[PDB]
Amino acid sequence: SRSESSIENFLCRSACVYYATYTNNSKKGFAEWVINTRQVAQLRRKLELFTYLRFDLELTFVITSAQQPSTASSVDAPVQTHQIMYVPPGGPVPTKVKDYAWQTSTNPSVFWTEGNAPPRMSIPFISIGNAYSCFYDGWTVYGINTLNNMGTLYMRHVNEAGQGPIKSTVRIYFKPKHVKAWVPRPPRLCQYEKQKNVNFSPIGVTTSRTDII
Amino acid sequence: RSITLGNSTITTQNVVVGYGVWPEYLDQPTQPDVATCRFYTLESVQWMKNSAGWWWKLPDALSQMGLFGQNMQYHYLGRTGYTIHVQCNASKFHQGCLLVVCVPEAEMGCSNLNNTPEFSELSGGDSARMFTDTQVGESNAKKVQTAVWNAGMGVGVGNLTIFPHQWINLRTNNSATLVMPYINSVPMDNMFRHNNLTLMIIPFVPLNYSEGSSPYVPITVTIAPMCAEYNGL
Amino acid sequence: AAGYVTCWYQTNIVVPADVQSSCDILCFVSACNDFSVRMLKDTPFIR
Amino acid sequence: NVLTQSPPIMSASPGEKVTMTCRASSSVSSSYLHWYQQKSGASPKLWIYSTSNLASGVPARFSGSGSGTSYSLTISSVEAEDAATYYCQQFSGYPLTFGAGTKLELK
Amino acid sequence: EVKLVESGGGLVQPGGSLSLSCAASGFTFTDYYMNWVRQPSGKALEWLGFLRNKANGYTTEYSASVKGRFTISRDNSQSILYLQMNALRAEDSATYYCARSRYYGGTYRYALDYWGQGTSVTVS
């Protein structure tokens, strides 16, 4: 029973990494997420066991809505539709809801009505180098590594509101595929303090006992 | 015994080689060999009683060492391998134990929780930086956190043996030898912005001697580049 | 100029207890067997 | 991190058993808390290091204890030379903060 | 025996500078951490900073309030210890000590065993 410790069965799991809200009428309701691996603390520790990784990606969004308190007089709305835009590394970036960057041509986006299966999409391995780098001892600012930059995501409604505000949440799920690892490293002892860097506070090695015998 | 390279010669007598591979060759690159393949002996550090440890950043420690320091500034890219010889000379009346490890991509953490360490405090130009056995303060601006029981990387110091390592035990052993290939994602990288290796020496069981013996044991590190090739016309 | 044979301390002399530390070094010289001479003269190591 | 000792002034007759406390705001490790004793107009002296171990040349009447965030120093029998001021020290992060001070006046 | 004396105290104007000196005798000076603890007139003690031994590179770790104003250093030839003060204010009138530290196990607990006799510095 030695096969559940394989790399394909150790890292190819699904994990909630982001959770954001956006409303439709407030003229600054749209989500935002720069795709990285250092978001949640549990998935980060399983990825810093190795130094160089290489994987495809699979994202699945579980989008739901909830009615905000409107004014009066028989609120009725049809089914809603969301647009989940993906910006490649080095592309145009939106800044408002109604913007030029949404209707561009080289940003692949999905359109999804409510009441169906949730909208999966898959991102291939996009990098100039031959592998992602989980660590980088060198300057670009120290320890940044501008080579593994996978892109950003953007979500918004495409229905204009007529009688009632509607806010919606979204839980981005995350799943690597065809994982290859290289050069293993010892697991992190100290806690995780910041997102960008590997800064820490010093801690004892092990919990203590009363004597040696 | 008595190996020679270029115009330099050392004297040896067990060698552990990398991750199982030997360092070998691959616009267009040029391959200089007659003037870089020699033993650049770094100067010796002293091991006292209450010592803590040392570290060198590897393509930074040879940045002023002769012709290898000239090819780092003239050529933009490049890739090398290394061959490290460590040997400390103690008598039969001393005792202690070292750990000679060679960490690839050893990203260190600053003392302040928000900043990143400056350039002069990560790597001393052909001079060994030192760990401490106490904490580094929080109030100073930008300095490397050098608590030795966390090895400066926020990791357990005991689990550092997963990297290619070699024990120096003064009871039975005297020397260590490592051969490290080129480990990087891109096939040819810059040599100023990046330090792809880090050689660490940590004393686990500290030095001890009786009254009368010499109170320090010097360590000598000798590095030699292997299969280097640069990029230019 | 014709050369120099200077010698440098790398590390100190590490020595145990109850041993002297001041050691000495002798130096020898010879001919490497492929060398020739010509045009004999008299020696200047005389009155 | 601050240390609050209690009581600030404490009096005891010779022959009784007396105790003082030293309370921290956060959790301080048990091996990093020491006790000092400064007499009237003299330099201070180390009394108990690592919260339970006696110093060199101290009498065996003193004994410290406690763990977590509350530590205590108790004297078994009060004599005539142990009327002074006692401080407690800590280290969880820099700097090293001293206590307020507990004064022991004889009766 | 451990014998620590210190001198250099006196009166000095606010906004001025003053240099103390603490001398050590009776032990190997390049082996122990040397602290600096001041104390106001009958109040609680305050810690300023220490300087590590030769095996750790002679670095300093000041406190938070005196960072940039004070300066701790030692002299290479003989066994003496310095403290360079700058930009003195009215609250620096205190009694300055000169403590030693030591290794109890092979570990470094943060105790201060041997203290100097104490010099005084006032400002006005």
# chains A, B, ... in the order shown; residues from 1 in each chain; ligands from 1

call {"tool": "closest_atom_pairs", "arguments": {"of": "chain B", "to": "chain E", "cutoff": "12 Å", "atoms": "only C-alpha atoms", "output": "Markdown table"}}
result
| residue | atom | partner | partner_atom | distance |
| --- | --- | --- | --- | --- |
| B:45 | CA | E:55 | CA | 11.0 |
| B:46 | CA | E:55 | CA | 8.9 |
| B:47 | CA | E:55 | CA | 8.2 |
| B:48 | CA | E:55 | CA | 6.5 |
| B:49 | CA | E:55 | CA | 7.8 |
| B:50 | CA | E:55 | CA | 6.0 |
| B:51 | CA | E:55 | CA | 5.2 |
| B:52 | CA | E:56 | CA | 7.1 |
| B:53 | CA | E:56 | CA | 9.1 |
| B:54 | CA | E:56 | CA | 10.3 |
| B:128 | CA | E:57 | CA | 10.9 |
| B:129 | CA | E:57 | CA | 9.1 |
| B:130 | CA | E:56 | CA | 6.9 |
| B:131 | CA | E:56 | CA | 7.2 |
| B:132 | CA | E:56 | CA | 5.7 |
| B:133 | CA | E:56 | CA | 7.7 |
| B:134 | CA | E:108 | CA | 7.4 |
| B:135 | CA | E:61 | CA | 9.6 |
| B:136 | CA | E:61 | CA | 7.5 |
| B:137 | CA | E:61 | CA | 6.3 |
| B:138 | CA | E:64 | CA | 9.0 |
| B:139 | CA | E:64 | CA | 6.2 |
| B:140 | CA | E:61 | CA | 8.3 |
| B:141 | CA | E:67 | CA | 10.9 |
| B:143 | CA | E:59 | CA | 11.6 |
| B:146 | CA | E:56 | CA | 10.6 |
| B:147 | CA | E:56 | CA | 11.4 |
| B:148 | CA | E:56 | CA | 11.4 |
| B:149 | CA | E:107 | CA | 11.8 |
| B:204 | CA | E:106 | CA | 11.8 |
| B:205 | CA | E:106 | CA | 10.5 |
| B:206 | CA | E:106 | CA | 9.2 |
| B:207 | CA | E:106 | CA | 11.4 |
| B:208 | CA | E:106 | CA | 11.7 |
| B:216 | CA | E:55 | CA | 10.8 |

call {"tool": "residues_around", "arguments": {"residues": "region 187-190 of chain B", "least_positions_apart": "4", "cutoff": "12 Å", "atoms": "only C-alpha atoms", "output": "PyMOL selection string"}}
result
(chain A and resi 128-131+138-140) or (chain B and resi 25-29+59-60+71-80+182-183+194-196+228-231)

call {"tool": "interface_residues", "arguments": {"of": "chain D", "to": "chain B", "cutoff": "10 Å", "atoms": "only C-alpha atoms", "output": "PDB file with N, CA and C atoms, in the first residue's frame"}}
result
ATOM      1  N   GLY D  93      10.406  39.055  23.830  1.00  0.00           N
ATOM      2  CA  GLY D  93      11.031  39.685  22.688  1.00  0.00           C
ATOM      3  C   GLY D  93      11.813  40.857  23.233  1.00  0.00           C
ATOM      4  N   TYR D  94      12.628  41.459  22.381  1.00  0.00           N
ATOM      5  CA  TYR D  94      13.382  42.625  22.810  1.00  0.00           C
ATOM      6  C   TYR D  94      12.431  43.797  23.037  1.00  0.00           C
ATOM      7  N   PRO D  95      12.657  44.614  24.072  1.00  0.00           N
ATOM      8  CA  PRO D  95      13.761  44.612  25.030  1.00  0.00           C
ATOM      9  C   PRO D  95      13.516  43.757  26.265  1.00  0.00           C
TER      10      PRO D  95
END

call {"tool": "closest_atom_pairs", "arguments": {"of": "chain A", "to": "chain D", "cutoff": "12 Å", "atoms": "only C-alpha atoms", "output": "tab-separated table"}}
result
residue	atom	partner	partner_atom	distance
A:201	CA	D:93	CA	9.8
A:202	CA	D:93	CA	9.9
A:203	CA	D:92	CA	10.6
A:204	CA	D:29	CA	10.5
A:207	CA	D:29	CA	11.9
A:208	CA	D:30	CA	11.2
A:210	CA	D:30	CA	12.0

call {"tool": "residues_around", "arguments": {"residues": "residue 57 (chain D)", "least_positions_apart": "6", "cutoff": "12 Å", "atoms": "only C-alpha atoms", "output": "number ranges by chain"}}
result
D: 45-48; E: 113

call {"tool": "write_last_selection", "arguments": {"atoms": "N, CA, C and O atoms", "output": "compact mmCIF listing (two decimals), in the first residue's frame"}}
result
# COMPACT_ATOMS: atom_id res chain seq x y z
N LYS D 45 22.23 42.37 42.65
CA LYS D 45 22.90 41.08 42.57
C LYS D 45 21.92 40.04 42.06
O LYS D 45 20.73 40.10 42.35
N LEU D 46 22.44 39.10 41.28
CA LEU D 46 21.60 38.02 40.78
C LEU D 46 21.25 37.06 41.90
O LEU D 46 22.11 36.65 42.68
N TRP D 47 19.97 36.71 42.00
CA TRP D 47 19.50 35.89 43.10
C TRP D 47 19.02 34.52 42.64
O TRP D 47 19.51 33.51 43.15
N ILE D 48 18.08 34.46 41.71
CA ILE D 48 17.58 33.20 41.19
C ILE D 48 17.50 33.33 39.68
O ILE D 48 16.88 34.26 39.17
N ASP E 113 24.94 38.51 35.83
CA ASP E 113 25.42 38.10 37.15
C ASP E 113 26.23 39.19 37.85
O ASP E 113 25.86 39.64 38.94

call {"tool": "residues_around", "arguments": {"residues": "residue 99 (chain E)", "least_positions_apart": "4", "cutoff": "9 Å", "atoms": "only C-alpha atoms", "output": "PDB file with N, CA, C and O atoms, in the first residue's frame"}}
result
ATOM      1  N   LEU E   4      34.637  44.852  38.051  1.00  0.00           N
ATOM      2  CA  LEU E   4      34.197  45.804  37.039  1.00  0.00           C
ATOM      3  C   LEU E   4      34.112  47.181  37.670  1.00  0.00           C
ATOM      4  O   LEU E   4      33.363  47.379  38.632  1.00  0.00           O
ATOM      5  N   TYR E  33      29.192  38.361  27.015  1.00  0.00           N
ATOM      6  CA  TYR E  33      28.334  39.463  26.627  1.00  0.00           C
ATOM      7  C   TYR E  33      28.367  40.538  27.701  1.00  0.00           C
ATOM      8  O   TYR E  33      28.292  40.248  28.894  1.00  0.00           O
ATOM      9  N   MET E  34      28.464  41.791  27.276  1.00  0.00           N
ATOM     10  CA  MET E  34      28.572  42.907  28.206  1.00  0.00           C
ATOM     11  C   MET E  34      27.380  43.823  28.014  1.00  0.00           C
ATOM     12  O   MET E  34      27.186  44.366  26.925  1.00  0.00           O
ATOM     13  N   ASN E  35      26.597  44.009  29.067  1.00  0.00           N
ATOM     14  CA  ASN E  35      25.364  44.775  28.994  1.00  0.00           C
ATOM     15  C   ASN E  35      25.574  46.199  29.496  1.00  0.00           C
ATOM     16  O   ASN E  35      26.671  46.601  29.875  1.00  0.00           O
ATOM     17  N   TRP E  36      24.487  46.964  29.490  1.00  0.00           N
ATOM     18  CA  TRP E  36      24.469  48.323  30.018  1.00  0.00           C
ATOM     19  C   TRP E  36      23.079  48.591  30.560  1.00  0.00           C
ATOM     20  O   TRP E  36      22.115  48.617  29.795  1.00  0.00           O
ATOM     21  N   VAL E  37      22.969  48.796  31.864  1.00  0.00           N
ATOM     22  CA  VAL E  37      21.686  48.999  32.519  1.00  0.00           C
ATOM     23  C   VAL E  37      21.743  50.305  33.290  1.00  0.00           C
ATOM     24  O   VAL E  37      22.621  50.488  34.138  1.00  0.00           O
ATOM     25  N   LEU E 112      22.102  38.469  34.204  1.00  0.00           N
ATOM     26  CA  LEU E 112      23.205  39.415  34.364  1.00  0.00           C
ATOM     27  C   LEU E 112      23.798  39.186  35.751  1.00  0.00           C
ATOM     28  O   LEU E 112      23.225  39.633  36.743  1.00  0.00           O
ATOM     29  N   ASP E 113      24.945  38.512  35.834  1.00  0.00           N
ATOM     30  CA  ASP E 113      25.422  38.100  37.152  1.00  0.00           C
ATOM     31  C   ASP E 113      26.226  39.194  37.851  1.00  0.00           C
ATOM     32  O   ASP E 113      25.861  39.636  38.944  1.00  0.00           O
ATOM     33  N   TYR E 114      27.322  39.643  37.248  1.00  0.00           N
ATOM     34  CA  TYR E 114      28.256  40.545  37.909  1.00  0.00           C
ATOM     35  C   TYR E 114      28.009  41.974  37.454  1.00  0.00           C
ATOM     36  O   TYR E 114      28.053  42.263  36.255  1.00  0.00           O
ATOM     37  N   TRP E 115      27.769  42.863  38.408  1.00  0.00           N
ATOM     38  CA  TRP E 115      27.444  44.249  38.124  1.00  0.00           C
ATOM     39  C   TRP E 115      28.562  45.157  38.613  1.00  0.00           C
ATOM     40  O   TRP E 115      29.279  44.839  39.563  1.00  0.00           O
ATOM     41  N   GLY E 116      28.705  46.299  37.951  1.00  0.00           N
ATOM     42  CA  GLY E 116      29.654  47.301  38.386  1.00  0.00           C
ATOM     43  C   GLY E 116      29.116  48.112  39.545  1.00  0.00           C
ATOM     44  O   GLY E 116      27.969  47.970  39.950  1.00  0.00           O
TER      45      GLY E 116
END

call {"tool": "residues_around", "arguments": {"residues": "residue 17 (chain E)", "least_positions_apart": "4", "cutoff": "12 Å", "atoms": "only C-alpha atoms", "output": "list in words"}}
result
residues 8, 9, 10, 11, 12, 13, 69, 70, 71, 83, 84, 85, 86, 87, 88, 89, 92, 121 and 123 of chain E

call {"tool": "write_last_selection", "arguments": {"atoms": "N, CA, C and O atoms", "output": "mmCIF file, in the first residue's frame"}}
result
data_model
loop_
_atom_site.group_PDB
_atom_site.id
_atom_site.type_symbol
_atom_site.label_atom_id
_atom_site.label_comp_id
_atom_site.auth_asym_id
_atom_site.auth_seq_id
_atom_site.Cartn_x
_atom_site.Cartn_y
_atom_site.Cartn_z
ATOM 1 N N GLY E 8 33.544 58.233 34.242
ATOM 2 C CA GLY E 8 33.290 59.157 33.158
ATOM 3 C C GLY E 8 32.054 59.997 33.385
ATOM 4 O O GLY E 8 31.737 60.879 32.582
ATOM 5 N N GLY E 9 31.347 59.733 34.479
ATOM 6 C CA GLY E 9 30.121 60.444 34.763
ATOM 7 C C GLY E 9 30.357 61.862 35.235
ATOM 8 O O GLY E 9 31.469 62.263 35.571
ATOM 9 N N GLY E 10 29.281 62.634 35.253
ATOM 10 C CA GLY E 10 29.363 64.007 35.696
ATOM 11 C C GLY E 10 28.182 64.813 35.193
ATOM 12 O O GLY E 10 27.146 64.268 34.813
ATOM 13 N N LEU E 11 28.366 66.127 35.217
ATOM 14 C CA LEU E 11 27.325 67.046 34.781
ATOM 15 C C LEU E 11 27.549 67.416 33.320
ATOM 16 O O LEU E 11 28.688 67.545 32.866
ATOM 17 N N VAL E 12 26.450 67.585 32.583
ATOM 18 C CA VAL E 12 26.504 67.919 31.165
ATOM 19 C C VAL E 12 25.191 68.593 30.780
ATOM 20 O O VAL E 12 24.121 68.264 31.295
ATOM 21 N N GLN E 13 25.284 69.587 29.891
ATOM 22 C CA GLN E 13 24.208 70.393 29.337
ATOM 23 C C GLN E 13 23.282 69.538 28.482
ATOM 24 O O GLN E 13 23.730 68.578 27.845
ATOM 25 N N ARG E 69 20.772 57.105 19.226
ATOM 26 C CA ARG E 69 21.363 58.109 20.096
ATOM 27 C C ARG E 69 22.576 57.601 20.852
ATOM 28 O O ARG E 69 23.544 58.348 21.018
ATOM 29 N N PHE E 70 22.555 56.355 21.303
ATOM 30 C CA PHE E 70 23.661 55.780 22.051
ATOM 31 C C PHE E 70 24.473 54.871 21.141
ATOM 32 O O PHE E 70 24.033 54.488 20.055
ATOM 33 N N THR E 71 25.676 54.534 21.592
ATOM 34 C CA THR E 71 26.580 53.721 20.793
ATOM 35 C C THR E 71 27.486 52.938 21.723
ATOM 36 O O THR E 71 28.215 53.531 22.519
ATOM 37 N N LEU E 83 30.689 53.639 25.924
ATOM 38 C CA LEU E 83 29.291 53.970 25.664
ATOM 39 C C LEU E 83 29.252 55.431 25.243
ATOM 40 O O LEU E 83 29.444 56.317 26.078
ATOM 41 N N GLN E 84 29.011 55.679 23.964
ATOM 42 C CA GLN E 84 29.007 57.025 23.412
ATOM 43 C C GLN E 84 27.578 57.546 23.374
ATOM 44 O O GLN E 84 26.729 56.977 22.681
ATOM 45 N N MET E 85 27.314 58.616 24.107
ATOM 46 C CA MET E 85 25.982 59.195 24.184
ATOM 47 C C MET E 85 25.909 60.465 23.350
ATOM 48 O O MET E 85 26.884 61.212 23.253
ATOM 49 N N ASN E 86 24.749 60.701 22.744
ATOM 50 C CA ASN E 86 24.525 61.890 21.939
ATOM 51 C C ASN E 86 23.094 62.365 22.123
ATOM 52 O O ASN E 86 22.187 61.558 22.340
ATOM 53 N N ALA E 87 22.919 63.689 22.028
ATOM 54 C CA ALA E 87 21.627 64.380 22.082
ATOM 55 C C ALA E 87 20.869 64.064 23.372
ATOM 56 O O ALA E 87 19.761 63.526 23.361
ATOM 57 N N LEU E 88 21.493 64.412 24.490
ATOM 58 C CA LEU E 88 20.923 64.106 25.791
ATOM 59 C C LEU E 88 19.726 64.998 26.088
ATOM 60 O O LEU E 88 19.711 66.187 25.766
ATOM 61 N N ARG E 89 18.714 64.405 26.703
ATOM 62 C CA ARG E 89 17.534 65.124 27.152
ATOM 63 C C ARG E 89 17.471 65.071 28.674
ATOM 64 O O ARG E 89 18.368 64.548 29.336
ATOM 65 N N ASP E 92 17.417 61.554 30.881
ATOM 66 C CA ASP E 92 18.556 60.650 30.890
ATOM 67 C C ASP E 92 19.392 60.773 32.151
ATOM 68 O O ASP E 92 20.473 60.183 32.224
ATOM 69 N N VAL E 121 25.205 60.095 36.136
ATOM 70 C CA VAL E 121 25.202 61.137 35.118
ATOM 71 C C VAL E 121 23.947 61.968 35.315
ATOM 72 O O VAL E 121 22.838 61.424 35.346
ATOM 73 N N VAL E 123 21.895 65.737 34.082
ATOM 74 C CA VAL E 123 21.791 66.830 33.124
ATOM 75 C C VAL E 123 20.951 67.928 33.762
ATOM 76 O O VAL E 123 20.169 67.661 34.683
#

call {"tool": "atom_distance", "arguments": {"atom1": "CA of residue 109 (chain A)", "atom2": "CA of residue 155 (chain A)"}}
result
9.5 Å

call {"tool": "residues_around", "arguments": {"residues": "residue 11 (chain C)", "least_positions_apart": "3", "cutoff": "9 Å", "atoms": "only C-alpha atoms", "output": "ChimeraX atom specification"}}
result
/B:43-45,218-220 /C:14

call {"tool": "atom_distance", "arguments": {"atom1": "CA of residue 42 (chain B)", "atom2": "CA of residue 154 (chain B)"}}
result
28.1 Å
